[PDB]
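[1] so I pulled this structure from the PDB, and the sequence comes with it:
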Amino acid sequence: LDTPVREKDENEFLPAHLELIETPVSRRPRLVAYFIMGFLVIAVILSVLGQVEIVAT
Amino acid sequence: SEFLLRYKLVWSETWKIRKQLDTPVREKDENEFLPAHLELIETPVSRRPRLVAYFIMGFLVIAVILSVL
Amino acid sequence: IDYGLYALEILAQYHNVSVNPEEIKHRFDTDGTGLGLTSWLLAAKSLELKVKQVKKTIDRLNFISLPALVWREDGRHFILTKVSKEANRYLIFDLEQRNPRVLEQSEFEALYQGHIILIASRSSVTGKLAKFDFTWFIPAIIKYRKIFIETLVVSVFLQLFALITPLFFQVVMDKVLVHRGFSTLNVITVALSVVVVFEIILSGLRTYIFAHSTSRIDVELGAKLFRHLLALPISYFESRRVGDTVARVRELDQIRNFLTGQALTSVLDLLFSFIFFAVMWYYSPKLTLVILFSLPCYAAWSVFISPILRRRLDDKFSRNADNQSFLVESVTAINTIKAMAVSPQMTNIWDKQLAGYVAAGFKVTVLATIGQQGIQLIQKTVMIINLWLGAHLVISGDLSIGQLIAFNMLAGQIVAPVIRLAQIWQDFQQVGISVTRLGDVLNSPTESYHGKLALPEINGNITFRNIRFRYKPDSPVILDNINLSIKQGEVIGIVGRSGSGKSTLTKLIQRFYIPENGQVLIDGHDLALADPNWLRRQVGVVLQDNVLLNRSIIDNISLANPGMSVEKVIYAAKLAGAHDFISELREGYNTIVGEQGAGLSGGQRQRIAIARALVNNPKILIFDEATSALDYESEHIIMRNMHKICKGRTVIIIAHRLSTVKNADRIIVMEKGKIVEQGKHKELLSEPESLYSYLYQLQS
Amino acid sequence: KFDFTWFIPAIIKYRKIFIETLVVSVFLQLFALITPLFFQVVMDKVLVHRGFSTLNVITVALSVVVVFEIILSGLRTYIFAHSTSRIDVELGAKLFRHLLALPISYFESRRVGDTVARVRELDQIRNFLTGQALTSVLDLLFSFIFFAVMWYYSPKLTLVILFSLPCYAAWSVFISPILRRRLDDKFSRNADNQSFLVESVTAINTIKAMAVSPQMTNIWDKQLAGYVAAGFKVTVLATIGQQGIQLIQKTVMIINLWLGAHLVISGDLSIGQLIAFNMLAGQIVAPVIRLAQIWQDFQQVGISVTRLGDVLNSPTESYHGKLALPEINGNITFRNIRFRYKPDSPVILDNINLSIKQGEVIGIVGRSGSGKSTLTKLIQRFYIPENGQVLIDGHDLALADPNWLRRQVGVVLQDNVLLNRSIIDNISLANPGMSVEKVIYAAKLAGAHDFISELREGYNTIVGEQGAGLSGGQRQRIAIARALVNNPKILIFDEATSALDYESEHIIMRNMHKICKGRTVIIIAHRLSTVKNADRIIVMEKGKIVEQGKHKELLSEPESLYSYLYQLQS
Amino acid sequence: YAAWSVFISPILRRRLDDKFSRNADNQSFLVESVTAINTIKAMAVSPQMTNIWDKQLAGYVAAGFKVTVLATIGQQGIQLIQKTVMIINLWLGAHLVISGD
Amino acid sequence: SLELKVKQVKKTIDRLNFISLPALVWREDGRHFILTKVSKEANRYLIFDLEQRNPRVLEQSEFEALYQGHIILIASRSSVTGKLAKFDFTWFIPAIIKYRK
Amino acid sequence: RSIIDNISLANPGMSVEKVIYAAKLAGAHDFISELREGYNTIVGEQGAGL
């Protein structure tokens, strides 16, 4: 995290490289969906395992 | 932790020189017609906002005193 | 050789698009050694072609659309024209042989390396008829639609999380406390922990992804803007200032930020406020109405406060910029301040400027404080009214305590988006002003060149024929019928008086001036049919006021091609006589030239400029007043080195002083645009009543 | 000496208003304590027992409390901004007045960029003391009241908060230096990009004259890519820093919710008590969140003030000796003058003896190293001779006010830097209140009126960045006009007519006959043609006056060095 | 409904600007090629004219399809609001009929 | 008009020590004089005599005889701003600000 | 179209060398050159500009 701007970072942002890459994608294209599906499965697991008491007045 | 003690010593020694270096008091017109920087340096804030702040604080104090009777 | 150029022009031939081979060589073949894969693709893209390198096998070539370029890794390429299966032959267009020829299966298998380039052309209606508007940015912004969709989805999920959390608080306060649960509490705690950790992670991911996309958009827009700015003609910059153009160029980031990080936020906020209002109206219509009635107070306060505060910030920024400029100009000119005794005057000016700037800052902070306090007062009033009404409702019914707490959270959350919308209303006008300001730069014609004869290398033969020139269509004629011919290796000299027109020949050799009548030609070739970028690089011009970049001496001299050798720099410096002080310097050729005038003298800078002009082998040198404003030492060394400078070159020495052209082969004398006298020095001086002798006597 | 001190005199200067700010902050904390107590009492005694009267009383009480809190906070901000503005103006005035008193040796030994950065540190000091940097430390000081109240409610729940605060401090300390370095890198890259853009714009004619547009585009692409990568790194670190604090705050909130739910179910806490405790926890945590930039700034301003003092820790060479010398006449005299640059340097000016009279046009010539270039700085009080004395009107210059002498002496150098102002502002720099007629007269004497009449704004034309709109000869003529704007009895031409072009040297040498009317003019020039009309041409070699006389008198003798130099020149 | 219409209208207007530009250029090409058909036949430049026509027609059809897609999604967005309000009204009406009133 | 800040004030001789000089003393008859360098410890005033056109040194008594109780204070307030605003209904906003009491 | 496009109408992809040769043969080189746009001058509708 403390490293300065390396040559990889500058090469990734060069206009020549960006112009050739048509229809680009994010750096990690499968992180948003992974986290959303993880949240969904954790929510389902908690809903099925979770227990709620019944109180009668 | 020796910066704080030196700050305290100089604070005290120049506090014993209090009122020797304070700016002279002037009226509004005298302050207005000064050089550009001197006018801003030597002009006190005001009397009205100070009065408003004192009134608010005094109202709070009298209210809390009256409520604990 | 340049199979890349030949292949590209053949492929432009097939698809009927305009190609400029020397322009392609200039822009994409800077150093040499052919184009290469990436620069060839860039040139094809610049020719409005669709190109892409793909992985295809020997059998998949029957389903592709020919012609296609087979990019060999080792040089010589070839164009696949037609693939045949009735005879199993591959008809290609051999580039080295410059003619098509037929191969067989084995020959193509040996030649084919597995990589081919697919080429296609589409139509376009853009041209240059579209006035500068937001349409200049849309093609570079729509390119990241998947990223923008991902960010929108993440924002949606985040705001559903923000809506969900108050329901968890409601369930806690309305079921865990009244009925001693100890079991629903644990489930709700786990759910809340999951919600908050996933909200944090999703916010971080959205910020990261959006930052990456906007950074790439900024890179593309800035690079293309700089290309357009450099493409503009000099007549554009003759009228405009420098700071004005720099400010207009820098005014691009505001437009980009508005287009990327304000429209998406607004379209999210509108829908999300709608959803929050629906939920709050489901909870309690009375408090929803109080909130709804406060909504115009926020909008009106924001709209009233924004313009005056913006004006105050603009004034403060201008004052700060002026103060910094005065400070930097006063510290760099301390020698003249101390040589005189103008210190009290400078202190007075500084005091006035500082007092003004500080007063502006105080006004800014006072106005900002007033605005913030007004917003907070509105919020507190709404909170008090809602507290009263909610307490009454809970006492009566139709609303439990947890319902009131959840409604309070939602009402506190929903405050910001309406303020953001009220602000973007005027942000649109501000960005419109920025766009119309940038239209001064990005709407001007790019001054390109369509059809050139693609001339060979220049040797120094210059000839004028019937040249007539005016500065303006109404201005008087500067050159009447100038007719002049210069042979290779001739060291010519031109003298005259003010308004003689000798100062326009430099801009007539290069194509900065278009003659009204006649045409200038080099080597028998009219310059109207030659690419100027091919000509400007073959002519060395030295003026009396040269500008050198703030990189280094070794880079300033080698500005034409930084990847070139070093010893040639030493040879050029020796030729111009600049080797001495460079060697004497601390770092040598790696010494920083400084910002404006640090270290190097005017004559030394002129010698550096001469060396930079001479670093290549220009067959045509033009000394346009190059030794006019030089001190004695620099002028002496330049005049001593002149005899070896003009070796194998055609040198034109334009000078007002007649003593600098004594050793010239020919001395052209001009009067009001006419060559009145010509010849050598002594032959011209022999005649007593000649103009050359009269001027020589007048000057000395 | 300048340090973190010199503010204690300013603070004690502004005693009463600062004490008013402190007491106003205390009362703001009192109001912020009062409001959650009102919420707690409403939720405990109005909802449980029907208390419409209690709700009615509390509504108006809380309304007046919140209105007064708003007004009081606004007034505190106003007063603090006023005080800090006064302090900033005093700082700036003192700093600039001290900077303009430093000797030339200080500036010539250092770079202008370093000095201007060390001075613009004043601007970042202003930004330090004119923002929320000083209004949050007082909140941190006064948050102990809220902490005590929270301990009064429940000793277990506030233990979580007091364990959370060290986590905030530790993680902010962990994050801040990296973000500092990334921001510094981004700022440096942005400055480099701006400089490259402006220099490319200024030299567009040179770029197009050659074929170097692709090279400029390649340079700009690399610069832009680097700057954008630095900005992306800055954004990533900033968002990580924000998310960490958010995570800590939310974890503490969840733990407090769980423990408070168990306590309320068991006892020792009500519901309104829990709500008030949560509000107090938030109001304590928020200033600690804001203090992150304060930890950053209390360490940045350290080196900031250290460098500013390094500028301010230098003698000002203030002059305390002046014999009230009268207005000078034009008679310079040298007596046994010996001078070296440094004590270890060789002598350049050995034993010159000179005597110049009023109204005399005296010229000085010589080759390189002749020592004639040090006479102009010897007449001014910039070079101190080792032996002898330079005396004007008979009065020794070593016992005189140098500023007065430099007022009385006008010198035209070869560089002649101009300020970025109007032409009439540059000409009348020494006296801005002077009449325009004198400026016109000086411009006509210098020959600068004719080309000024042809400009876009006349005498109001901005010369540009040290002179950009005018040529070299035009700027030289403007400098001559500035030197002649007063009535100097002594005028020096230190190779002023050397490094300019024709049609500009011609006018100066043609007007030289009327420039030197009633003045003692010294013309130091390398060329021997400019001093032809001098009353006493002096040739000097190695600091020795070999010969002196008129042009014809000196040239008629073939063995004279004057004739040898004239032959070399021609 | 108002917000959906306001959001969708500018994009449709931009797409129709592009479509009209395509249509105007196609009409200009058609008029210029039919008026000078004698030159086209004499010079035997039919393949070039056909290639230009194919490019222009493909661009025009692409623009028209984009406009059609945007109009379809706008209509479906309005249908969604209509049907959501229908479902909400059905639920609320069922409750408001069960309890008298 | 010259971008100065002036206003005539009633100033007592005792209060005359605390104003910023130079200041103009306006008399009913056209015999004004500029006051400069009011000297403490010597009760002397360095006026600028407008009739004699040179500075002259006075003492306390003749200054008290020559001073009537009114002085004009001069300050340099040059506004650095160049712009002209379009005349609209917004022109009345500065008028409302000026007449705000 | 432009002058060079009209001259090279029968084959739009043709180099300027053949255009120059043909213009010299037809005697139109001079007038086209004397123009400001040279061989890039737009003739208008049905060559109305010429």
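    That came through, no problem. Numbering: from 1, shown residues only, chains lettered A, B, ... in the order given.

[2] outline the domain layout of chain C.
    Domains of chain C are assigned by curated CATH domains as C:3-121, C:134-443, C:462-699.

[3] and the shortest one, how far out from the chain middle?
    Right, the one you point to is domain C:3-121. Distance of domain C:3-121 from the chain centroid (Cα atoms, centre = their mean, to the nearest Å) equals 32 Å.

[4] does it reach chain A?
    Yes: residues of domain C:3-121 contacting chain A under Cβ under 8 Å from any Cβ of the partner chain: C:38, C:41, C:42, C:45, C:52. Where you see a C-beta, it was placed from the backbone N, CA and C, and this is true even at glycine.

[5] buried residues, the lengthiest helix in chain B. List them.
    Ranked by residue count and defined by DSSP state H, the top helix of chain B is helix B:48-67. Applying a neighbour-count criterion of 16 or more other Cβ atoms under 10 Å in any protein chain shown, one finds B:49, B:50, B:52, B:53, B:56, B:57, B:60 buried in helix B:48-67.

[6] before we move on, what about stretch C:561-570?
    Across stretch C:561-570, burial judged by 16+ other Cβ under 10 Å covers C:561, C:569, C:570.

[7] give the helix, strand or coil label for the first one.
    This means residue C:561. Secondary structure assignment for residue C:561 (DSSP: H, G, I helix; E, B strand; the rest coil): coil.

[8] I'd like the next helix or strand past the helix or strand hosting residue C:188.
    In this assignment (DSSP states H and E), residue C:188 forms part of helix C:184-231. Toward the C-terminus, helix C:184-231 is succeeded by helix C:234-239 as the next helix or strand (DSSP H and E).

[9] which bits of chain B sit near chain C?
    So far as Cβ under 8 Å from any Cβ goes, chain B lies against chain C at B:35, B:36, B:37, B:39, B:40.

[10] can I get those residues in JSON lines with secondary structure?
    Shown next, in JSON lines, are the residues of chain B next to chain C (three-state DSSP):
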{"residue": "B:35", "secondary structure": "coil"}
{"residue": "B:36", "secondary structure": "helix"}
{"residue": "B:37", "secondary structure": "helix"}
{"residue": "B:39", "secondary structure": "helix"}
{"residue": "B:40", "secondary structure": "helix"}
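
[11] near chain F, list only the ones from those.
    Among the residues of chain B next to chain C, the residues that sit close to chain F (Cβ under 8 Å from any Cβ) are B:35, B:36, B:39.

[12] which among the residues you listed end up buried?
    Buried members of those, scored by 16+ other Cβ under 10 Å, are B:35, B:36, B:39.

[13] wait, isn't the first one in contact with residue F:21?
    Okay, so that is residue B:35. No: using Cβ atoms under 8 Å, residue B:35 makes no contact with residue F:21, being 11.6 Å away.

[14] next, show the common contact partners of these two.
    Common contact partners of residue B:35 and residue F:21 (Cβ atoms under 8 Å, 6 or more residues apart in numbering or on different chains): none.

[15] for residue C:156, see how far away the closest residue to chain E within the stretch 401-550 of chain C is.
    Minimum separation of the stretch 401-550 of chain C from chain E (Cβ to the nearest Cβ) falls at residue C:421, amounting to 11.8 Å. In this view, residue C:421 and residue C:156 are 18 Å apart by Cβ to Cβ, to the nearest Å.

[16] between the two, which is the more surrounded one?
    residue C:421 (18 against 14; other Cβ atoms under 10 Å in any protein chain shown).

[17] just checking, that one touches residue C:270?
    Yes: using Cβ under 8 Å, residue C:421 is in contact with residue C:270, at 7.1 Å.

[18] circling back to that earlier point, nearest to chain A among the buried residues of stretch C:561-570?
    residue C:561 (18.4 Å).

[19] report whether the helix or strand hosting residue C:394 contacts chain D.
    Following DSSP H and E, one finds residue C:394 within helix C:343-396. Yes: for a cut-off given as Cβ under 8 Å from any Cβ, helix C:343-396 has contacts with chain D, namely C:343, C:345-347, C:350-351, C:354-355, C:358-359, C:361-362, C:365-366, C:369-370, C:373, C:376-377, C:380-381, C:384, C:387-388, C:391-392, C:394-395.

[20] quick one: residues contacting the residue most central in space within chain C.
    Among the residues of chain C, the one closest to the centroid is residue C:226, at 1.4 Å (Cα atoms, centre = their mean). By Cβ under 8 Å, 6+ apart, the contact set of residue C:226 is C:249, D:197, D:217, D:220, D:224.

[21] residue D:211 versus that one, what's the distance?
    For residue C:226, the distance to residue D:211 equals 17 Å [Cβ to Cβ].

[22] likewise for residue C:3?
    Computed as Cβ to Cβ, the residue C:3 to residue D:211 distance reads 24 Å.

[23] ditto for residue C:138
    Distance of residue C:138 to residue D:211, computed by Cβ to Cβ: 33 Å.

[24] likewise for residue C:644?
    For residue C:644, the distance to residue D:211 equals 26 Å [Cβ to Cβ].

[25] what's the nearest residue to residue C:301 if we skip its chain neighbours?
    residue C:374 (5.4 Å; Cβ to Cβ, 6 or more residues apart in numbering or on different chains).

[26] secondary structure element holding residue C:623?
    Assigned by DSSP H and E, residue C:623 belongs to strand C:620-624.

[27] what inclination does the next helix or strand along the chain from that strand have with respect to strand C:620-624?
    Using DSSP H and E, the helix or strand that follows strand C:620-624 in sequence is helix C:632-645. Going by axes from the mean of the first three to the mean of the last three Cα atoms, to 10 degrees, helix C:632-645 is angled at 160 degrees with respect to strand C:620-624.

[28] flag every residue of chain A that's near chain F.
    Residues of chain A lying near chain F (Cβ under 8 Å from any Cβ): none found.
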